Amino acid sequence: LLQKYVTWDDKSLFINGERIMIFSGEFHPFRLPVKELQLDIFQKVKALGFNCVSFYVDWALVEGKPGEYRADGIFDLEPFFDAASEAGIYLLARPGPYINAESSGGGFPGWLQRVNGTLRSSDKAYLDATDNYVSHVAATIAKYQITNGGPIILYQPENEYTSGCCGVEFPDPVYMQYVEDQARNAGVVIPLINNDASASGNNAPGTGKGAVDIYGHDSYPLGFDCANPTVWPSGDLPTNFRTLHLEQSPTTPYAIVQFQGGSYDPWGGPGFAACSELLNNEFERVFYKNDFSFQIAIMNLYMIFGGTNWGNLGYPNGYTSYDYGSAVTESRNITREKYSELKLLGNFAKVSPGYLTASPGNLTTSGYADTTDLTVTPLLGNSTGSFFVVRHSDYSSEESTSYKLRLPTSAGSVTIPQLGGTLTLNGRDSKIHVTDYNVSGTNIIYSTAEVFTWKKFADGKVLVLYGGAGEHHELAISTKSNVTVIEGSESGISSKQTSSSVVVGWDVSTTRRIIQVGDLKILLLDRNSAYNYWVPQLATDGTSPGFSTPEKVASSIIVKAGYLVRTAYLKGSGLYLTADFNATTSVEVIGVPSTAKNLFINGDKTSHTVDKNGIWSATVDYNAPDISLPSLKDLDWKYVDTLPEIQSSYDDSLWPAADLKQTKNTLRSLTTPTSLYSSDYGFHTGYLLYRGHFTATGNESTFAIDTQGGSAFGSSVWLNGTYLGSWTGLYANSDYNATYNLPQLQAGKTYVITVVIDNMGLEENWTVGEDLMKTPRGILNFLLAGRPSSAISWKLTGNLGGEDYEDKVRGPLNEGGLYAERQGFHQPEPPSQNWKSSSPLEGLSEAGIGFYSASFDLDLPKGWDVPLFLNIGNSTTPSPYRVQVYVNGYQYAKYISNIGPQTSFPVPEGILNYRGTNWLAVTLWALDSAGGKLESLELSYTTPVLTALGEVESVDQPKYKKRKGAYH
Ligand SMILES: *[C@@H]1O[C@H](CO)[C@@H](O[C@@H]2O[C@H](CO)[C@@H](O[C@@H]3O[C@H](CO[C@H]4O[C@H](CO[C@H]5O[C@H](CO)[C@@H](O)[C@H](O)[C@@H]5O[C@H]5O[C@H](CO)[C@@H](O)[C@H](O)[C@@H]5O)[C@@H](O)[C@H](O[C@H]5O[C@H](CO)[C@@H](O)[C@H](O)[C@@H]5O)[C@@H]4O)[C@@H](O)[C@H](O[C@H]4O[C@H](CO)[C@@H](O)[C@H](O)[C@@H]4O[C@H]4O[C@H](CO)[C@@H](O)[C@H](O)[C@@H]4O[C@H]4O[C@H](CO)[C@@H](O)[C@H](O)[C@@H]4O)[C@@H]3O)[C@H](O)[C@H]2NC(C)=O)[C@H](O)[C@H]1NC(C)=O
Ligand SMILES: *[C@@H]1O[C@H](CO)[C@@H](O[C@@H]2O[C@H](CO)[C@@H](O[C@@H]3O[C@H](CO[C@H]4O[C@H](CO)[C@@H](O)[C@H](O[C@H]5O[C@H](CO)[C@@H](O)[C@H](O)[C@@H]5O)[C@@H]4O)[C@@H](O)[C@H](O[C@H]4O[C@H](CO)[C@@H](O)[C@H](O)[C@@H]4O[C@H]4O[C@H](CO)[C@@H](O)[C@H](O)[C@@H]4O[C@H]4O[C@H](CO)[C@@H](O)[C@H](O)[C@@H]4O)[C@@H]3O)[C@H](O)[C@H]2NC(C)=O)[C@H](O)[C@H]1NC(C)=O
Ligand SMILES: *[C@@H]1O[C@H](CO)[C@@H](O[C@@H]2O[C@H](CO)[C@@H](O[C@@H]3O[C@H](CO)[C@@H](O)[C@H](O[C@H]4O[C@H](CO)[C@@H](O)[C@H](O)[C@@H]4O[C@H]4O[C@H](CO)[C@@H](O)[C@H](O)[C@@H]4O[C@H]4O[C@H](CO)[C@@H](O)[C@H](O)[C@@H]4O)[C@@H]3O)[C@H](O)[C@H]2NC(C)=O)[C@H](O)[C@H]1NC(C)=O
Ligand SMILES: OC[C@H]1O[C@@H](OC[C@H]2O[C@@H](O)[C@H](O)[C@@H](O)[C@H]2O)[C@H](O)[C@@H](O)[C@H]1O
Ligand SMILES: *[C@@H]1O[C@H](CO)[C@@H](O)[C@H](O)[C@H]1NC(C)=O
Ligand SMILES: *[C@@H]1O[C@H](CO)[C@@H](O)[C@H](O)[C@H]1NC(C)=O
Ligand SMILES: *[C@@H]1O[C@H](CO)[C@@H](O)[C@H](O)[C@H]1NC(C)=O
Ligand SMILES: *[C@@H]1O[C@H](CO)[C@@H](O)[C@H](O)[C@H]1NC(C)=O
Ligand SMILES: *[C@@H]1O[C@H](CO)[C@@H](O)[C@H](O)[C@H]1NC(C)=O
Ligand SMILES: [Cl-]
């Protein structure tokens, strides 16, 4: 339409004139702000057989100050894009402005609470507020389009523009057209794709103004309830998705822009390990092959890698972790079985172009298989091949089911298995059987066992097939040649020859078999052996694999290894692999080019033997060195009181006054004399403090207050130095009405109520019209009994400078309003040399907030990827306390003792310096009159990985420097 690099028809996208199945994974650059680890994720995604990544940009992080767009350093998108290019990974860009994404404000900066107009509408006040952001971020995206040699192939304007309310004319075509035009005006020429929250047809081609180029929708069919991970409720497997696609957008490829790849988890919830159990390998093979049943051509898993809600970037209902139960864990490991299972399907689709050209039919409980207990959806191709997706009719069934099939082929319609026995489907599993499947000229008439991959080498073809344990399988090949078993035993290998074919039957075994039929070798594996196979692209012009183009796809090799294979390249007589290892691993290479004489692994020449079938074998030894980690409790901890506000000497005269008589928040009108909404004064993140001055009459009894900080928030209140009490918090409370009883006050004297409130982040804005992101934070109501409310004059603070935020390197959200934070003491090398010697393990003996500082050295060995975790103990029911931990200035843990569930906090290399000094800054807020302390505090590690990754550069860690604008 506007360029010729990326086109489409009713079946699929074309990239440079060639069909491709887009298999993508969601990865957010702002949730992993170390550029070398971004590359790691991209390489792990490519090893799945994927070819794309989808990403959000968080507006709140890059325009904290209205009018000042900053996407530099750790927020720089350019290294993220170059890393995609280096890995051979295309990109779907989704910069919002609204992104939801369990992020504070759903991506909107806190200053949108002052916008006089409906958010996500055509009100000019909202649209003008978006202009500066979109023109900058879309210009950067434009520069890296595929039209300009970049990796970016698709662009998503808005996010799930699907439901409206409250007087909004939904859907508004003027709005979506303006959003679309903003991108085009910034120079975006690539196709636009939307993500309708459900398959409702919004903004599809044919809808007139505001229509996108490719209609996409989203789907999370198993819900977000990770508490019952084995429960698959009745009817939750979609069946009508193709039907709705043809009704809603028959001219564009079938696209799910966010398909479930995990789940979010709230404060107090069951934990992300439970989420990984619900969205496990069984879920993937049943539900993802079900999407293939609808001939899905663009498929994106939200999330493929989740990362971390560091520096308060997350929304109020969620906590520090965003592991998401995804295929790649928060700490970047790929141990979960769901990673290996998904690799099998990604590789299937990477080499099966016949899938895109078949004619999908309707699902059947009869006609293909001999039992109504199975459902079979056919995708019928002519000479291009056919595909049959088999599953249990009741998709939740754990029953083992025997069956036979009738499949049409070029050689007649066959009743399979021909040579005796039956096929089996065990429990929550799904198969894609193939017919007339083309292996570069050799035609597989049929195979019941699923295809992992196939390649054409200089000296013959290889095909890799697998089945699950206990299964009997069958294939047939168009050939005059006979079948011979070249690896393994003939026992269990039955066969029959005809004039134009050979039929072969086999039982799945833990022992591999290789059979040979003319110039085709076929590997017959079990699913668990296949989990250890990889298909890196073989580079000849350099060391990078390049994008997944037909030519580079065809020039790939097959490697059996362990934990991970990243890349392969050929250079003279040298075949080079880059790979990672979590144990001593035997490596086999199939498809070694004839010009290759030596094997290098991670640059190191490695001995190899060649067996009778031309397969190179080698061994990679794993010997972790001593991983020495200091004891956190033995460090030289230094303490300073970070609530000096509750001493009578404190002088708040430099504090902003909360003296606005009219709020700019259109959602909730004032129920107090002045606005006590933090965002009216430019304070959107972290702990908020309010100070209320009054002159006592001496008749004061009680002080009531309604605090609001979002779900799981807490608040504490003092009268001068007297602790009045705390709201200790519940996930179910986003506000709370306390009543406090005051001591006997001295008539004519001045008092100050100090109030501390945990701001858990700003709310999302999912429903257009509702403006829920404007939900304020701070104090909503108060009553000083017997006195008019004008008796109290308030001041407040958030992070120092508010929207004129101090830390331009770490961004607008990282730090909140505590004294120690205002002064910048949470950064490396604070002025702690004259502080008191006290540990957070000793803690506090009265309600308050303390700040603890210490450094520690690491000297971890080069060439190892070692995930490190901070651990805060909770072996027994604790008293109510709140903890924030800054690692070299970066906040990487928020902890609520009484709500949970997170006790283990990963912190990535780059934020941590593995061969240098590191700084911990811990805040400890005790919401109890007897104080509080940490039970324990420990640095731990999980399995070290022998890695190919390059040196991880430390991000910028600005050290403490005295701040002019502070209040002291
Ligand atoms: C280095 O990197 C490696 C990756 O490259 C990494 O390896 C991976 O590790 C993870 C674990 O971290 C593996 O995932 C788990 O796998 C478990 C094992 O089952 C799988 O494998 C067996 C085959 O096992 C045999 O073969 C292997 C060799 O391949 C041997 O090592 C084994 O010892 C065993 O060998 C014997 O048998 C062989 C015969 O095959 C013999 O030849 C041999 O000589 C030996 O005698 C398969 O059979 C399994 O498939 C079956 O079950 C699955 C799912 O259950 C079905 O889908 C499938 O169709 C089959 O029926 C399977 O493939 C899994 O048990 C384990 O599953 C649990 O955890 C996940 C969450 O992590 C859940 O999704 C899942 O539901 C299970 O959760 C329950 O149980 C766990 C407890 O384990 C609880 O945590 C959880 O709360 C939940 O509890 C509930 O249900 C329970 C029911 O089980 C119940 O008991 C409870 O009470 C409760 O109600 C998980 O998937 C992964 O496979 C490895 N990947 C690879 C490629 O190897 C390695 O760890 C790294 N190393 C280090 C040090 O870091
Ligand atoms: C891949 O990435 C993943 C995400 O990054 C990562 O997963 C995370 O891994 C960390 C580190 O292991 C996990 O934190 C730990 O979790 C432990 C509690 O969970 C266990 O026990 C449950 C009991 O019902 C099991 O059900 C549960 O299994 C589940 O979770 C698995 C995740 O690994 C998942 O695979 C399974 O499928 C399953 O669903 C799990 O086994 C927790 O015990 C541990 O706490 C301690 O360890 C710390 C570090 O050593 C200590 O600092 C801390 O105090 C605890 O120590 C105590 O622990 C032991 C047992 O008591 C003792 O040996 C220790 O000495 C110590 O003992 C003290 O405390 C006792 C109190 O009970 C006391 O009685 C003792 O006398 C003594 O005082 C830690 O929090 C994290 O949960 C994982 N996150 C997620 C999202 O899954 C994974 O590791 C990565 N993998 C690789 C290879 O890199
Ligand atoms: C250290 O260890 C200690 C001691 O073991 C840990 O303390 C425990 O922490 C638990 C987790 O927070 C806590 O359980 C919670 O208690 C409250 C009751 O006061 C309860 O509300 C919680 O249950 C709901 O909330 C969680 C999410 O937090 C949901 O996952 C759960 O399914 C429940 O969901 C319902 O309520 C939500 C609240 O609004 C709803 O949004 C949700 O949809 C669902 O709605 C229903 O319930 C309402 C009630 O009927 C109803 O009106 C509504 O419409 C729906 O029916 C959860 O049980 C333990 O109490 C606590 N134990 C002790 C002894 O203190 C501590 O966490 C540990 N620390 C760390 C760091 O790990
Ligand atoms: O939780 C991860 C993402 O949730 C997405 O939104 C919700 C989801 O809910 C259901 O209505 C439906 O099954 C599905 O189609 C979706 O609309 C957001 O798009 C995303 O930003 C994350 O919040
Ligand atoms: C099989 O693939 C080759 C390309 O390697 C192609 O030339 C041939 O036409 C294909 N066969 C069919 C039936 O599509
Ligand atoms: C309470 O604190 C203020 C300073 O915040 C101080 O000037 C005032 O005298 C104190 N009132 C009493 C009764 O001690
Ligand atoms: C927004 O501006 C309109 C038009 O000038 C005005 O009528 C309305 O009262 C304003 N609302 C707020 C909250 O400032
Ligand atoms: C305040 O004044 C009332 C009389 O108006 C009296 O009954 C009450 O005891 C006084 N309260 C306190 C706390 O002194
Ligand atoms: C607190 O009281 C206010 C004022 O009536 C009310 O509107 C709000 O809903 C109450 N909050 C809770 C959590 O009960
Ligand atoms: Cl200050």
Side-chain angles (χ1 to χ4, degrees), residues 26 28 31 54-58 94-96 98-108 156 158-163 194-200 202 216-226 236 238 241 244 256-266 269 272 275 279 287 300-304 306 309 314-315 317-318 322-326 668-669 671-672 696-711 713 715 727 729-739 741-747 763-767 775 779-787:
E26 194 83 7
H28 302 159
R31 277 162 163 145
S54 159
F55 69 95
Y56 282 140
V57 182
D58 186 346
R94 329 205 288 147
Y98 184 75
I99 65 163
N100 203 70
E102 282 76 62
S103 63
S104 179
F108 291 160
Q156 179 177 290
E158 250 272 350
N159 194 77
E160 298 180 335
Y161 188 69
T162 307
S163 50
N194 75 314
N195 64 324
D196 212 2
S198 55
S200 295
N202 295 118
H217 75 85
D218 298 344
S219 179
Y220 295 77
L222 224 42
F224 305 110
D225 184 57
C226 302
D236 278 1
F241 273 6
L244 294 177
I256 295 170
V257 176
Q258 301 175 33
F259 195 85
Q260 182 150 30
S263 179
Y264 64 77
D265 193 46
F272 281 119
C275 295
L279 299 319
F287 283 75
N300 184 61
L301 310 180
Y302 186 109
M303 301 288 297
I304 205 72
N309 303 130
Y315 86 143
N317 304 340
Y322 202 58
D323 173 273
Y324 211 79
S326 57
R668 192 200 170 278
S669 37
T671 52
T672 47
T697 68
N699 191 237
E700 290 82 359
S701 58
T702 57
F703 171 76
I705 187 173
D706 187 4
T707 53
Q708 177 159 283
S711 65
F713 91 104
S715 57
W727 171 235
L730 288 177
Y731 178 64
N733 276 261
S734 54
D735 78 296
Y736 185 78
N737 295 303
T739 303
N741 310 90
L742 300 161
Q744 195 175 56
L745 302 183
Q746 297 175 232
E763 308 283 336
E764 289 175 317
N765 201 289
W766 196 84
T767 292
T775 306
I779 305 173
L780 306 172
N781 285 303
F782 66 92
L783 183 64
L784 182 61
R787 300 277 304 274

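In this chain, numbering begins with 1 at the start of the sequence shown. Remember, it's 1-based here, ligands and their atoms both numbered in the order they're listed.
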Compute whether any side-chain donor of one residue and acceptor of the other, for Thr671 and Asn781, lie under 3.5 angstrom apart. yes
Strictly by modelled atom types, are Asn100 and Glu160 linked by a side-chain donor-acceptor pair under 3.5 Å? no
Do we see a donor-acceptor contact under 3.5 Å between the side chains of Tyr220 and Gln258? yes
Under 3.5 Å, is there a donor on one side chain and an acceptor on the other for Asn317 and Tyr264? no
Is it true that a side-chain atom of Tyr736 and a backbone atom of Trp727 form a donor plus acceptor pair closer than 3.5 Å? no
Any sub-3.5 Å donor-acceptor pair from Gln260's side-chain atoms to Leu222's backbone N or O? yes
Neighbour list for ligand 9 [protein residues, heavy atom under 4.0 Å]: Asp706, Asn733, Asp735, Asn737
At less than 3.5 Å, what protein N or O atoms come close to the N or O atoms of ligand 4? Include the distances to 0.1 Å.
{"from": "ligand 4", "atom 1": "1 (O)", "to": "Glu102", "atom 2": "OE1", "distance (Å)": "3.3"}
{"from": "ligand 4", "atom 1": "1 (O)", "to": "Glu102", "atom 2": "OE2", "distance (Å)": "3.1"}
{"from": "ligand 4", "atom 1": "1 (O)", "to": "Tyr324", "atom 2": "OH", "distance (Å)": "3.4"}
{"from": "ligand 4", "atom 1": "6 (O)", "to": "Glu160", "atom 2": "OE1", "distance (Å)": "3.3"}
{"from": "ligand 4", "atom 1": "15 (O)", "to": "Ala197", "atom 2": "O", "distance (Å)": "2.2"}
{"from": "ligand 4", "atom 1": "15 (O)", "to": "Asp218", "atom 2": "O", "distance (Å)": "3.3"}
{"from": "ligand 4", "atom 1": "17 (O)", "to": "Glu160", "atom 2": "OE2", "distance (Å)": "3.1"}
{"from": "ligand 4", "atom 1": "17 (O)", "to": "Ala197", "atom 2": "O", "distance (Å)": "3.4"}
{"from": "ligand 4", "atom 1": "19 (O)", "to": "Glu160", "atom 2": "OE1", "distance (Å)": "2.9"}
{"from": "ligand 4", "atom 1": "19 (O)", "to": "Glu160", "atom 2": "OE2", "distance (Å)": "2.9"}
{"from": "ligand 4", "atom 1": "19 (O)", "to": "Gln258", "atom 2": "OE1", "distance (Å)": "3.0"}
{"from": "ligand 4", "atom 1": "19 (O)", "to": "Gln258", "atom 2": "NE2", "distance (Å)": "3.4"}
{"from": "ligand 4", "atom 1": "21 (O)", "to": "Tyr56", "atom 2": "OH", "distance (Å)": "3.1"}
{"from": "ligand 4", "atom 1": "21 (O)", "to": "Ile99", "atom 2": "O", "distance (Å)": "3.3"}
{"from": "ligand 4", "atom 1": "21 (O)", "to": "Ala101", "atom 2": "N", "distance (Å)": "2.8"}
{"from": "ligand 4", "atom 1": "23 (O)", "to": "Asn100", "atom 2": "ND2", "distance (Å)": "2.9"}
{"from": "ligand 4", "atom 1": "23 (O)", "to": "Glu102", "atom 2": "OE2", "distance (Å)": "2.8"}

Counting both backbone and side chain atoms, is some N or O of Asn699 under 3.5 Å from an N or O of ligand 8? yes
With a 4.5 Å heavy-atom cut-off, do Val257 and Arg94 have their side chains touching? yes
Under 3.5 Å, is there a donor on one side chain and an acceptor on the other for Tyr302 and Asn300? no
Aromatic ring pairing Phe703/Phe782, orientation class (parallel under 30°, perpendicular over 60°, tilted between): tilted
Between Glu158 and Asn194, is there a side-chain donor-acceptor contact under 3.5 Å, judged purely by atom types and distance? no
